[PDB]
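Residue numbers (our numbering), protein chains in the order written: chain A, 23 to 90; chain B, 74 to 281; chain C, 1492 to 1648; chain D, 215 to 383; chain E, 5 to 298.
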Amino acid sequence: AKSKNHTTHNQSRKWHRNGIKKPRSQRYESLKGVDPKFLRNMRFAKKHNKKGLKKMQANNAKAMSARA
Amino acid sequence: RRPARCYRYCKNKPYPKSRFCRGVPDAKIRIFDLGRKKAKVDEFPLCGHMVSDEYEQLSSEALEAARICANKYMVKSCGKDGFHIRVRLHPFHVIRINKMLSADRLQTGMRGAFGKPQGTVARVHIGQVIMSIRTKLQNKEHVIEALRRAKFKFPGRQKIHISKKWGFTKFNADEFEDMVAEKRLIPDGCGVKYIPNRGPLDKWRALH
Amino acid sequence: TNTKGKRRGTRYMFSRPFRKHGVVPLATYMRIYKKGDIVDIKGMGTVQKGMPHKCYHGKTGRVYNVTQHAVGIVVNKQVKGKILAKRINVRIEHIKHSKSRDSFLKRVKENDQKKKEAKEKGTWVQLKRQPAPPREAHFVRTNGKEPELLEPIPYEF
Amino acid sequence: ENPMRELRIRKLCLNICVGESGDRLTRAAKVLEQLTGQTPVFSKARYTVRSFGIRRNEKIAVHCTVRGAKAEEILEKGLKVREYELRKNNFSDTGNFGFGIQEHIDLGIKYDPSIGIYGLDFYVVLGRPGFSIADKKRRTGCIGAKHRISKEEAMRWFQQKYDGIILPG
Amino acid sequence: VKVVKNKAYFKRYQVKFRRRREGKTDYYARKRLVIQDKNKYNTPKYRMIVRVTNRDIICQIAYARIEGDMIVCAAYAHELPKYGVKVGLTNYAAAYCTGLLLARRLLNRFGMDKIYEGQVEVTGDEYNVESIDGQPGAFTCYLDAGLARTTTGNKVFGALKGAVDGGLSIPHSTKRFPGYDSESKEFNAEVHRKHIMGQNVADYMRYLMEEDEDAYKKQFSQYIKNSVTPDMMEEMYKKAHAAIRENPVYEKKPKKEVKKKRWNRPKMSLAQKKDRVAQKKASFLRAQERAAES
RNA sequence: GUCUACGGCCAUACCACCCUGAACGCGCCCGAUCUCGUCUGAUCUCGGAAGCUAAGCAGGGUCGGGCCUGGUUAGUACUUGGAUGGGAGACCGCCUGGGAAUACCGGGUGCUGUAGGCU
RNA sequence: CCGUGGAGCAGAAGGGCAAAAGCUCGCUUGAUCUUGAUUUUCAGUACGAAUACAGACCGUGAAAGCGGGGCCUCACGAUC
RNA sequence: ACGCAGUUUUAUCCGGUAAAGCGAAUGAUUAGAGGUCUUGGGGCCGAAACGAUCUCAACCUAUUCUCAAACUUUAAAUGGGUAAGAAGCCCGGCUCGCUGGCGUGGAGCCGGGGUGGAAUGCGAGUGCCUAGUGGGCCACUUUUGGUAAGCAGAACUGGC
Ligand SMILES: [Mg+2]
Ligand SMILES: [Mg+2]
Ligand SMILES: [Mg+2]
Ligand SMILES: [Mg+2]
Ligand SMILES: [Mg+2]
Ligand SMILES: [Mg+2]
Ligand SMILES: [Mg+2]
Ligand SMILES: [Mg+2]
Ligand SMILES: [Mg+2]
Ligand SMILES: [Mg+2]
Ligand SMILES: [Mg+2]
Ligand SMILES: [Mg+2]
Ligand SMILES: [Mg+2]
Ligand SMILES: [Mg+2]
Ligand SMILES: [Mg+2]
Ligand SMILES: [Mg+2]
Ligand SMILES: [Mg+2]
Ligand SMILES: [Mg+2]
Ligand SMILES: [Mg+2]
Ligand SMILES: [Mg+2]
Ligand SMILES: [Mg+2]
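Written out as structure tokens, the structure reads:
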């Protein structure tokens, strides 16, 4: 009652029935896995960007609109 | 002794005597030179060698029988110390045997189908030289007849060629007598040493 | 039944080739590995700590994370189902740069300089990389000598 | 007519290899203490014989290296015992020579009844200014070819100083 | 006839390294001293390299790039008579002096002169360099011992002490300075200040002037043949540290050239080599023609 | 035209032998009282400066051994794809493309960064 | 004195290693506690093993740094 | 114009098979020559003596014969990954509790400038539910075991 054990015949033809797909697109890539000390940098940097970017960038926009 | 009809042209990877075999018996042939072993280079001018045509395996017992037949014809033709024969081929491939009936079905099927080492054969490429005989200039036909007698005993189809080279060395017989006397080649027993010009000057000072 | 452990076929691949057995050079360390850098993977037998796997040798990936004395690389590995982007942590000794992206940035800088010259001087420059064109109707020279007659040699063993 | 290339006494080795450990080896270390005025150092295995009873990691031999004027004095005592007559095969091909003595009380030692009669190996090496190159930790360089000490230079040194005899037989 | 010494050993000989065959590196310590952690991506790692040679000590601070090592500042021992120390150029006192000169010259190059004065009064205490907030921070550097064995009393630690008292924030321990007892764990600062000022070699000069003047005339000759007396040495190093701290600017030499050059033999050409071989061939054939008859 | 300290390239830069080295510099060297660790100041540390380039070191040379590079081997051994090609088979030949290595011979044997000093 | 791994690295082999990962000496348990991520067989599930991290207490070292077991490849186990 | 490809090209890495070699490491293996260090066996000068010498073995040197799926200096063809742009460059400025000589470095955020950036073909992405399948075979080429099989077992592609 010996049977055929293992083969990879008729496998690439099944693979190319659907055109094997790259993930091909991740705009603004996934962030998990990166260094937790770098995350402790980046989250506080982002929320203080939300806090204190207003007036200096506003005056810089006024200055660059006056210059050009 | 199984016939040579079941051990023939190459089908397996080379399986030599090594750390992994450990069970091969001794080969049939042990010696390879039968003529004047201590001959010089200038004694026997010409040589004839035996070229294979089929990519086959030659057995050590066939090499034994062929060197015995060639030695017998050489000592009948040109006598003792009138020739120098060298079997260029060396057996290293070890065949395997799967013996049975050891008249019943009740010993083993194809359960463990691995072979014990039976004998030693030699894989021969197309154009590889089997034997080479160096002799005098007057013994041209006798080398041809000896290799013809060995042709009927080796299996397959193979041809003969009287070499352009001066015996076993890789240098030409036309340039030999013009070049061994002046500068380069010095005899070293039966072999020939070729000296380049990229040596220390002390060798050239010891020469000349 | 091949007993798929780790590095079961690496008698030659994780070895130093010839006249290179010894301590590692320091220019392997003294490199700039930032995010987005396209790097290659080449295994080293000297440092037995952070070699990736026998499957990722010779592959090419993108850097996402950099740490104290290693780096993090995403690699498109092909398996039975579909190719997958996989996040690996590889040490610095196993990783070199890829010169293909540097050559592409050199070509982009040359295209920018030629585009600035085109906007300055009104010259249509044909900045697209065309492939190898067919040869034009050029002209040969055979003066002084007749063309040499060749015939095949006879067979000599 | 030779710039500062003078052969000198680099060191002097003292070795006693006792066939067993314990009292006789301790008294041999006491003899080397009586010669040198400093403590010896013991030796050990890398071979086990069993034909006479030594084991692995036993104190088999005592040895001591002496340098300087004390080395010159013990060399003077050894050449006084041999009466300045070496043989030709004592000189090695590297320029160093050993001879060894028996009856260590001949060196000028009052014989004690408790110690016994020991023999003592004498091995002399020769030195030149510039042999610290292969020994210093920073730049371990070669000695050289015109600087190394040879058989002929060693035997002519022993002919010149101390008035020695070659004994070619 | 004996051994099979060198047939393919020259063909399979793997050379170690250029600097290792010269005997100047080890790289088992350099691979951990030099290489910066990759979280910073550009930040240079500053290393004070202190090398001791006969008649000259060298104190530098350098970092690494892939093309080589970039030296920011460098001090030497042969420039100490310009600052006051005429003789005694390879002692613990000149090691501390060269370390202080290197630290002051580095901070003069960076422009951090008015802040971070360091330890002015040399006492030999464990005055570690602190960082003042609201100001540019301290200079973080790390030692290089090289191939020298680090034992208590090695003057690479004296150059370290000079750097720390000059104001370089280098982490170190107090159990490798000279004066640290090997059995008792306490450290003595008076012995260390004494060994900085060099009062022990003053006591040895007193020992030579009292016991045997033959050795005092044999060695220490440049000392007594310009001037050395211990009260002037104790005042001399004290004035030399202030002479360092008042002017570390490193005035240079013009040197420009007197352009003349013939010292070294050049290589001979291929045709010249082959014609030397041909002259050897012709001379040996002339010898075979002549000496066989004569 | 050079050397020293740290190096990058890791034998075009190693090994054997023979010559050359003016000025700095490198060293061998002169000795253990303090710091130091050993049987031994031989090794490591400590304060030098009476000699020397004999050695280390820097150059040059050996029809030098190795290394690298280039011809020959060689469009040869191999090889993607093809045939109702040959041959009983063993293998071999052709179309289209790619195409390696040893003996043999010729050429080289260090290039450079930072900082510092001598003609 | 020559000595490029021709020895040794606990064991079967392969890779790697010379002021070393080998031998000797001095201290020490980082063979510690905790949360995530990734690789390996893979269905991209688990176990086991491993890697880079992060937070405490530390050991060694002059410091750089190294160490959360064995130079790496195996030496081990679900519900109740 | 967004984008994709069982494809090629342009650059960039990766491998260790075919081949070839072992006068190159490891393992085998053949024969001759030269040399004198060494012990082992014969012979001569002869009380005996490395006192001298003939012969042999081993060793070394330079050669030479033949190989290795579990050897390799070298090293193919075929093959695998990546890039061939607006998600890409350049300029200016804020934030950071990460890092730190330095407004030093690195990440994030904001504003502005120019899209004609290899060939060929194709209009693409994505979600849910589920049947059947889980006994295969044959053919060129590369191979494992066996003497061989219409035998048993693998790789690519094609067919039943
Ligand atoms: Mg089935
Ligand atoms: Mg393989
Ligand atoms: Mg160290
Ligand atoms: Mg003392
Ligand atoms: Mg003491
Ligand atoms: Mg001394
Ligand atoms: Mg000289
Ligand atoms: Mg010298
Ligand atoms: Mg030379
Ligand atoms: Mg040469
Ligand atoms: Mg084909
Ligand atoms: Mg040696
Ligand atoms: Mg092993
Ligand atoms: Mg090995
Ligand atoms: Mg160590
Ligand atoms: Mg931690
Ligand atoms: Mg092959
Ligand atoms: Mg259904
Ligand atoms: Mg089948
Ligand atoms: Mg069946
Ligand atoms: Mg059909």
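Even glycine gets a Cβ: it sits at the ideal position worked out from N, Cα and C.
For the alpha helix (DSSP H) that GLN248 of chain D lies in, which residues bound it at each end? 237-250
So what does DSSP say about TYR96 of chain E, is it helix, strand or coil? In this structure, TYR96 of chain E counts as helix in the three-state DSSP scheme.
For the putative contact between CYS77 of chain E and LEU110 of chain E, defined by C-beta atoms under 8 Å, what is the C-beta separation to the nearest angstrom? 4 Å
For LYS149 of chain B, count neighbouring Cβ atoms within 10 angstroms of its own Cβ and tell me buried if that reaches 16, exposed if not. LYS149 of chain B comes out exposed.
Tell me the rounded alpha-carbon separation between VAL1616 of chain C and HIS1560 of chain C. 47 Å
Report the start-end ranges of each alpha helix (DSSP H) in the stretch 77-137 of chain B that is 4 residues or longer and not cut off at the edges. Correct list: empty.
For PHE156 of chain B versus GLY108 of chain B, is the C-beta spacing smaller than 8 Å? In this structure, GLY108 of chain B lies closer than 8 Å to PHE156 of chain B by Cβ.
Quick one, which residues of the stretch 1516-1542 of chain C are near chain E if we go by CB-CB under 8 Å, in chain order? Under the 8 Å Cβ criterion, the stretch 1516-1542 of chain C contributes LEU1517, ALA1518, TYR1520, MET1521, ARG1522, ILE1523, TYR1524, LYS1525.
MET218 of chain D, enclosing beta strand (DSSP E) - first and last residue: From DSSP, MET218 of chain D is part of no beta strand (DSSP E); its letter is neither H nor E.
What does a CB cutoff of less than 7 Å around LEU172 of chain E pick up in its chain, not counting 5 residues either side in sequence? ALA107, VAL133, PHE143, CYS145
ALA83 of chain A in three-state terms, based on DSSP: helix
Suppose contacts are defined by Cβ-Cβ distances below 8 Å. Is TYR82 of chain B in contact with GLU129 of chain B by that definition? yes
If you draw a straight line from the alpha carbon of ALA149 of chain E to that of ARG46 of chain A, how long is it in whole angstroms? 52 Å
With DSSP as the reference, please indicate the residues paired to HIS277 of chain D in a beta bridge. Answer is D:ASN229, D:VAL255, bridged to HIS277 of chain D.
Closer than 8 Å, CB to CB, is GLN1559 of chain C near chain E or not? yes
Proximal residues to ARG238 of chain D (C-beta, below 6 Å), its chain only, five neighbours per side dropped: So the qualifying residues of the chain are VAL232.
Jot down the residue ranges of each uninterrupted alpha helix (DSSP H) in the stretch 147-173 of chain B, minimum 4 residues, whole runs only, in chain order. none
Beta-carbon neighbours of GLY1552 of chain C, restricted to chain E and to distances below 9 Å: None at all; the shortest Cβ gap to chain E is about 17 Å.
Alpha-carbon spacing of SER186 of chain E relative to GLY170 of chain E, whole angstroms: Rounded to the nearest angstrom, the gap between the Cα atoms of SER186 of chain E and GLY170 of chain E is 28 Å.
Quick one: which unbroken alpha helix (DSSP H) runs of 4-plus residues sit fully inside the stretch 204-259 of chain B? Chain order, please. 213-224, 246-252
What in chain B is Cβ-close to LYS284 of chain E, meaning under 7 Å? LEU274
Here's a check: name, in chain order, each residue in its chain whose Cβ is nearer than 6 Å to the Cβ of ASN1634 of chain C, leaving out the five neighbours to either side. none
Using a Cβ-Cβ cut-off of less than 7 Å, give me the residues of the stretch 31-65 of chain E that come near chain D, in sequence order. none
Between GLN191 of chain B and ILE170 of chain B, which are expected to be in contact by the criterion C-beta below 8 Å, what is the C-beta distance as a whole number of angstroms? 4 Å
The stretch 155-183 of chain E: positions lying closer than 8 Å to chain D by Cβ: none
Here's a check: name, in chain order, each residue in its chain whose Cβ is nearer than 7 Å to the Cβ of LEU162 of chain B, leaving out the five neighbours to either side. Excluding its 5 nearest sequence neighbours in each direction, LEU162 of chain B has C-beta neighbours in its own chain below 7 Å: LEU131, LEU136, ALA195, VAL197, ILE203, listed in chain order.
Whole angstroms are fine: how far does the CA of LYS172 of chain B sit from the CA of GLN180 of chain B? 11 Å
Cβ neighbours of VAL1565 of chain C in the same chain (closer than 6 Å, five flanking residues each side left out): In the same chain as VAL1565 of chain C, and ignoring 5 residues on each side of it, the C-beta atoms closer than 6 Å to its own belong to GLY1552, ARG1553, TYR1555, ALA1576, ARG1578, in chain order.
Which partner residues of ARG49 of chain A appear in the DSSP bridge assignment? For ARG49 of chain A, which the question treats as bridged, DSSP gives no partner whatsoever.
Contact under 8 Å by Cβ, residue 393 of chain D with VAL295 of chain D: Residue 393 of chain D lies beyond the range of chain D shown here (215 to 383); nothing can be said about it.
Option in E:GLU125, E:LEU105, E:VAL126, E:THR127 with minimal Cα separation from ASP117 of chain E: E:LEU105
Residues that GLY312 of chain D bridges to, as DSSP identifies them: D:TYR337
Out of curiosity, what's the CA-to-CA distance linking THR1614 of chain C and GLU1601 of chain C? 15 Å
Tell me, which residues are paired with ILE62 of chain E by DSSP? Beta-bridge partners assigned by DSSP to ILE62 of chain E: E:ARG55, E:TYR80.
When the cut-off is 8 Å and only beta carbons count, does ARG69 of chain E lie next to chain C? Chain C, which has a Cβ nearer than 8 Å to the Cβ of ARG69 of chain E, makes this yes.
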